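Structure first, commentary second.
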Protein chains: 2
Amino acid sequence: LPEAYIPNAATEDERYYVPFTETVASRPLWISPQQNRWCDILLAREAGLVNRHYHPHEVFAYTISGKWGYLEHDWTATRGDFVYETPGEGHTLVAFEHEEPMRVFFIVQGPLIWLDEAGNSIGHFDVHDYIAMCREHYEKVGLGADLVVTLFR
Amino acid sequence: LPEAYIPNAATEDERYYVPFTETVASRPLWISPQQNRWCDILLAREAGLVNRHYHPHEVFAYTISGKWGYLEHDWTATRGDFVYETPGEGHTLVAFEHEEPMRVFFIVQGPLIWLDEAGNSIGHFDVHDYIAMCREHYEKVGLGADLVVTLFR
Ligand SMILES: [Fe+3]
Ligand SMILES: [Fe+3]
C-alpha cells in the first residue's frame with residue numbers, strides 16, 4: 001500500500017481538527033487500526049487540558065507552536081522542542097495561552113487509559129474510538145468520513 | 001527511566017550534527033539500542049543525496065524547513081509537510097538548495113539496507129553503526145561521547 005504525504009499538516013483550516021476535549025482538538029494524519037497507533041497534530045487555541053491518563057506504550061512529540069507540557073515533569077515545551085514519554089507513565093497534558101496556538105506533532109501508541117486522582121483506571125480511548133470520533137466529525141463538517149479511511153495504513 | 005525533553009531540537013549549533021553522507025548530517029535526539037530505532041533531525045545545508053536503501057520497517061517524518069523528497073515518489077516536501085514511508089520500500093532521499101536548509105524530524109526503524117542499481121543489497125547501517133558514528137563525532141567536537149549515551153532509552 002502507498003506511502004503517505006500530507007502537505008501543510010498543521011493547517012489553518014479548522015474543519016480538519018476533531019474535538020477531543022473541550023479545549024483540545026486533533027487532526028489525524030496517519031492511523032494503523034492493527035498496530036493501535038496513530039499520528040496527529042494536537043491543537044489548543046487557548047488554555048487547554050487533557051485529563052490524567054497513561055499509555056501502555058511510548059509517545060513521541062515535536063512542538064510546532066505555542067507552549068505546553070505535562071504536569072508530572074518539570075519542563076514546558078515551545079516551538080522546536082522534542083519530547084519522548086516513557087511507557088506506562090501517567091500524565092496530564094496542559095496548554096498555556098500563548099501568542100500562537102499550541103500545535104504539536106504526536107506519534108501515539110494507544111490505548112490511553114484515563115486515571116482518577118487515586119490512580120485507578122476509569123476509562124479508555126483506543127484506535128477504534130479515535131477512528132469513530134474522526135469519521136463522525138469529518139462527515140458533519142463536510143470533509144466526509146471516507147477521508148479518514150484514506151489515512152489508514 | 002526518565003522521559004526525554006530536548007529543547008531547540010533543530011539547533012543552529014553545527015557541532016550537534018553528525019556527518020552521515022557528504023552532504024547530509026543528523027542530530028540524534030533519542031536512540032533505542034534494543035528496538036533498533038532512533039529519532040533525529042536530518043540536515044542538508046545545500047543540495048544533498050542519501051543513496052538508495054530500504055528499511056524493513058516504517059519511517060515517519062515532519063518537515064521543519066527546506067525542500068526534500070524521495071525520487072521514487074511524486075511529491076516534494078516543504079515546511080510543515082508530513083511523510084510516512086511503508087516498510088520494505090527502496091528509496092533515494094534528495095535535498096534541494098533552498099533559502100533554508102533542509103531540516104526534517106525523522107523517526108526511523110532500522111536497519112537501513114543499501115541497494116545498488118540492480119536492487120541487490122550491498123551494505124547496511126544499523127543502530128550500533130549510528131551510535132558509534134555519533135559517539136566518535138561528539139568526542140571530536142567536544143560535546144563528549146557520553147552525551148550520546150544520555151539519549152538512550
Ligand atoms: Fe498521553
Ligand atoms: Fe530511508
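Numbering of ligands and ligand atoms starts at 1, following listing order. Quick note on labels: first sequence line is chain A, next is B, and so on, each numbered from 1. Scope of the values below: all heavy atoms of this structure, side chains included, with no hydrogens, waters or symmetry mates.
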**Request:** Check which protein N, O or S atoms are less than 2.8 Å from the Fe ion (ligand 1) and report how many there are.
**Result:** 3
**Asked** Is it true that A:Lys67 and A:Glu99 have a side-chain N and a carboxylate O under 4.0 angstrom from each other?
**Response** no
**Request:** Given side-chain contact (heavy atoms from CB on, under 4.5 Å), test A:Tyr62 with B:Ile64 step by step and report yes or no.
**Result:** CA-CA 10 Å; A:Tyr62 178 84; B:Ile64 298 163; 3.4 Å; yes
**Asked** Does A:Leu49 offer a backbone N or O that forms a donor-acceptor pair with the side chain of A:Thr21 under 3.5 Å?
**Response** yes
If you look only at distance, which donor and acceptor atoms sit under 3.5 Å apart when one is on a side chain in residues 140-153 of chain B and the other is two or more places apart or in another chain?
from: B:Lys140; atom 1: NZ; to: B:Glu136; atom 2: OE1; distance (Å): 2.6
from: B:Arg153; atom 1: NE; to: B:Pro2; atom 2: O; distance (Å): 2.7
from: B:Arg153; atom 1: NH1; to: B:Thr150; atom 2: O; distance (Å): 3.0
from: B:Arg153; atom 1: NH2; to: B:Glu3; atom 2: O; distance (Å): 2.9

**Message:** With a 3.5 Å distance limit and no angle check, can you tell me whether B:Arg52 reaches the backbone of B:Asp116 through a side-chain donor-acceptor pair?
**Reply:** yes
**Message:** Can you confirm whether or not the ring centre of A:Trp38 sits under 6.0 Å from the ring centre of A:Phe20?
**Reply:** no
